[PDB]
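Nothing in this text is a laboratory measurement; each read-out follows from the coordinates by a stated rule. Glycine gets a Cβ as well: all are built from the backbone with ideal geometry, and neighbour counts include every protein chain shown.
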Amino acid sequence: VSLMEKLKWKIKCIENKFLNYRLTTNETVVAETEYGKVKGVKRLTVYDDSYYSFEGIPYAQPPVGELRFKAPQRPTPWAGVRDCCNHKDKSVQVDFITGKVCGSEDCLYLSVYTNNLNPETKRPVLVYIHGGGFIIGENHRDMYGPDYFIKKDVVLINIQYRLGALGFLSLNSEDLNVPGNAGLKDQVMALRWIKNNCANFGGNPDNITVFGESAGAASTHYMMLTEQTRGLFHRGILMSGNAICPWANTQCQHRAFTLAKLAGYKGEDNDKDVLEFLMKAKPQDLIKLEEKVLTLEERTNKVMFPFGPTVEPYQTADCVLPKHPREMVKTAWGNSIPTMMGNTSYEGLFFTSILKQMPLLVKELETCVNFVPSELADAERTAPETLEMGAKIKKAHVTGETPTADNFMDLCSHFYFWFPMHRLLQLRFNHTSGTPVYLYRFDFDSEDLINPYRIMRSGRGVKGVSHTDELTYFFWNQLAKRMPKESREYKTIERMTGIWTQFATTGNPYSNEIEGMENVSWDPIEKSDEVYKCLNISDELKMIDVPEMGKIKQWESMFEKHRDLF
């Protein structure tokens with residue numbers, strides 16, 4: 001991020017401090033939890049609404065010392081009142097604006113918001129799992145403010161979970177009890193807390209919806225796949241991602257050794273001696289080196305992150321992912337709850353700044369071998385079958401005689417988002433009770449209201465609807481402002497939170513109380529459909545055939561000889 005955007009951000013951090021004070025009221029309130037009483041507080045919004053706020057509710061023991069890299073343990077209870085009028089630390093990470101390491105190992109918290117702690121009827125409970133590649137993110141209100149959703153009569157809960165190597169280290173040796181996925185295990189313990197405790201805040205434990213964007217959508221989907229969570233919740237919403245995405249899962253068992261070596265370890269490639277070294281390292285020292293861990297070959301093969309969700313090398317009682325996601329879909333409990341999925345209209349537009357920076361990436365489209373699904377390719381990407389599959393992808397995305405940045409971005413929309421969604425829809429239809437899945441396509445562009453991922457990405461002034469742009473219409477953030485009621489942006493806030501609340505309530509996203517829906521016939525996708533229908537959300541709401549369908553089917557065609565892998 002540029003100096004000018006860094007200054008502008010610092011100014012916004014200070015203004016947000018002042019605003020937050022102005023919007024804090026003096027109406028403190030106490031709620032019960034299974035581990036002790038919590039004190040929260042009423043806050044106002046810039047729209048002059050109000051909500052009860054409890055932040056910093058622990059759902060697990062701080063995963064420090066000997067609990068580092070291990071599955072979470074339940075927190076210790078308390079006999080008095082715990083102060084929850086302020087946020088806790090985020091998980092250790094690199095701050096994207098500043099570039100410096102920030103956060104704490106002491107990060108296993110969730111926050112609970114609602115406009116009314118004693119409603120006459122128990123309310124639908126919406127649980128947001130944040131994205132950020134499993135390496136960044138938080139539940140702080142300067143990023144994920146509940147100010148729009150508290151216009152609706154819901155309970156909203158935003159969780160944290162461990163990030164990076166501290167959340168996703170994985171070792172083969174069973175003696176060591178570091179199988180992987182500690183951060184997903186965190187999410188499991190948070191969802192158990194929510195089911196056990198949401199009643200204390202006016203939530204219906206029999207009507208919980210989990211939703212997330214990007215890594216939070218992959219997370220939502222993992223929570224729908226694992227047996228650990230069977231029946232814990234009742235709707236899911238996957239916003240630009242799922243567990244079949246190529247970035248959502250990695251076998252990272254050798255990368256602990258690599259990270260240790262970067263941190264100054266000398267010794268053998270031996271899980272015990274490697275874990276021992278990493279157990280004494282300063283957490284910030286490990287997070288700072290994480291960006292250096294992937295090899296050139298891995299980055300070329302499109303491995304996005306060194307640590308993340310993984311298939312666990314052995315079983316334990318707390319095992320979240322015992323098989324590859326596609327195998328887990330075959331027996332998944334969550335195939336049988338109402339689900340909504342969708343993507344933006346130009347997902348890969350996110351990579352604009354990356355292509356400016358590294359313009360030789362566009363030369364990858366000359367053969368497209370690097371984008372062939374890894375299960376079909378070779379690591380060297382030189383086999384003739386790999387070249388033939390790459391030629392198919394190239395037909396789908398290269399529109400003229402020389403590959404362009406736009407073509408690269410288009411291909412990215414499909415490789416990282418639309419293709420895995422198609423794979424997941426088709427696999428799930430084979431293994432479901434028949435509960436509906438609905439599709440949206442977010443296609444609303446504005447520069448009048450933005451979110452911090454636009455600064456991260458250097459996307460100011462870039463026309464089109466990038467990955468992450470929909471977050472602006474769900475959550476308040478410190479770059480936001482009060483929008484006039486008549487504005488296109490306000491109307492889109494109303495619509496998006498309306499639709500999500502409607503879905504959370506009923507399992508059907510359609511409502512004629514939502515403005516612009518009077519001619520919308522939003523039907524779920526069927527097995528028999530050759531062409532997906534979606535609600536395209538722009539200035540109007542319109543059911544259309546997914547514009548991306550053609551390319552989706554071209555990607556599918558790479559599996560003609562290997563239909564069992566599709």
Legend entry - Residue that is part of a helix (DSSP H, G or I), among the β-branched types (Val, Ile, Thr) and farther than 30 Å from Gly99 by Cα, where the choices are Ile493, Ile544, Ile455: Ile493
Inset, instruction - Give segment 214-240 a look and list any residue that's β-branched (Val, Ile, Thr) and either in a loop (DSSP other than H, G, I, E, B) or farther than 23 Å from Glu470 by Cα (or both), or say none. - result: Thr226, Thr229
Inset, instruction - Only residues that are among the polar types (S, T, N, Q), in contact with a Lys or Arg (Cβ under 8 Å, 6 or more places away or on another chain) and either surrounded by 18 or more Cβ atoms within 10 Å (Cβ to Cβ) or free of Cβ contacts under 8 Å to residues at least 12 places away in the same chain (or both): list them for segment 281-332, please. - result: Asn301
Legend entry - Condition check for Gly241: touching a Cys at 6+ places or on another chain (Cβ under 8 Å), crowded, with 24+ Cβ neighbours inside 10 Å, in contact (Cβ under 8 Å) with a residue 12 or more places away in the chain and more than 18 Å from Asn158 (Cα to Cα): no
Inset, instruction - Among the residues of segment 1-35, write down those that are acidic (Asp, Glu) and not in a helix (DSSP H, G or I). - result: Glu27, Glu32, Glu34
Legend entry - Residue list for segment 510-533, filter: closer than 16 Å to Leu425 by Cβ, of a type in the set (A, V, I, L, M, F, W, C) and touching an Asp or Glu at 6+ places or on another chain (Cβ under 8 Å): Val531
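Limited to segment 241-271, what total is found for residues that are closer than 24 Å to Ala218 by Cβ and of a type outside the set (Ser, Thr, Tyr)?
Result for segment 241-271: 16.
For (1) surrounded by fewer than 17 Cβ atoms within 10 Å (Cβ to Cβ); (2) in contact with a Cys (Cβ under 7 Å, 6 or more places away or on another chain); (3) of a type in the set (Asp, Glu); (4) not in a loop (DSSP other than H, G, I, E, B), each residue gets a yes or a no:
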site	(1), (2), (3), (4)
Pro484	yes, no, no, no
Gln502	no, no, no, yes
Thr505	no, no, no, yes
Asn508	yes, no, no, no
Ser521	yes, no, no, no
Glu530	yes, no, yes, no
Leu535	no, no, no, yes
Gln554	yes, no, no, yes
Inset, instruction - Sort through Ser91, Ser2, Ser111 and tell me the only one that's farther than 18 Å from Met143 by Cβ and either touching a residue at least 12 places away in the same chain (Cβ under 8 Å) or buried (at least 16 other Cβ atoms within 10 Å of the Cβ) (or both). - result: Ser2
Inset, instruction - May I ask you to list the residues in segment 341-369 that are small (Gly, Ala, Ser) and crowded, with 17+ Cβ neighbours inside 10 Å? - result: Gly342, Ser345, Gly348
Legend entry - Selected residue (only one of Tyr21, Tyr47 is hydroxyl-bearing (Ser, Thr, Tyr), without any contact (Cβ under 8 Å) to a residue 40 or more places away in the chain, over 23 Å from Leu166 (Cβ atoms) and surrounded by fewer than 20 Cβ atoms within 10 Å (Cβ to Cβ)): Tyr21
Legend entry - Sole residue being surrounded by 15 or more Cβ atoms within 10 Å (Cβ to Cβ), within 28 Å of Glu327 (Cα to Cα), in contact (Cβ under 8 Å) with a residue 12 or more places away in the chain and hydrophobic (A, V, I, L, M, F, W, C), chosen from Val372, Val398: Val372
Inset, instruction - Identify, by number, the condition in (1) in a helix (DSSP H, G or I); (2) surrounded by fewer than 19 Cβ atoms within 10 Å (Cβ to Cβ); (3) in contact (Cβ under 8 Å) with a residue 12 or more places away in the chain that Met558 doesn't meet. - result: (2)
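Scan segment 36-71 for residues that are among the aliphatic types (A, V, I, L, M), part of a strand (DSSP E or B) and touching a helix residue (DSSP H, G or I) at 6+ places or on another chain (Cβ under 7 Å) and jot them down. Steps first, answer last, please.
First, pick out the residues of segment 36-71 that are among the aliphatic types (A, V, I, L, M): 38, 41, 44, 46, 57, 60, 64, 67, 71.
Narrowing further to those that are part of a strand (DSSP E or B): 38, 41, 44, 57.
Once the filter is applied, which keeps residues that are among the aliphatic types (A, V, I, L, M), part of a strand (DSSP E or B) and touching a helix residue (DSSP H, G or I) at 6+ places or on another chain (Cβ under 7 Å), segment 36-71 yields only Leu44.
Among the residues of segment 81-129, which ones are within 30 Å of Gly498 (Cβ to Cβ), of a type in the set (D, E, K, R), more than 21 Å from the chain's Cα centre (by Cα) and in a loop (DSSP other than H, G, I, E, B)?
Matches in segment 81-129: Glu120, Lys122.
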Legend entry - Members of segment 381-400 that are assigned to a helix (DSSP H, G or I) and within 31 Å of the chain's Cα centre (by Cα): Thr386, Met389, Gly390, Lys392, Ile393, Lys394, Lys395, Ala396, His397
Inset, instruction - For segment 152-191, enumerate the residues that are closer than 19 Å to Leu275 by Cα and outside any loop (DSSP other than H, G, I, E, B). - result: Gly164, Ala165, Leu166, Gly167, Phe168, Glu174, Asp175, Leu176, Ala182, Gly183
Inset, instruction - Quick one: which residue in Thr468, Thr472 is touching a residue at least 60 places away in the same chain (Cβ under 8 Å) and not charged (D, E, K, R)? - result: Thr468
Legend entry - Checking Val274 against (1) within 28 Å of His221 (Cα to Cα); (2) out of contact with any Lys or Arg (no Cβ under 8 Å at 6 or more places or on another chain); (3) buried (at least 17 other Cβ atoms within 10 Å of the Cβ), the condition it does not meet: (1)
Legend entry - Top-ranked residue of segment 422-458 - restricted to ones that are buried (at least 18 other Cβ atoms within 10 Å of the Cβ) and within 17 Å of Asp564 (Cα to Cα), ranked as nearest to the chain's Cα centre (by Cα): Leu424
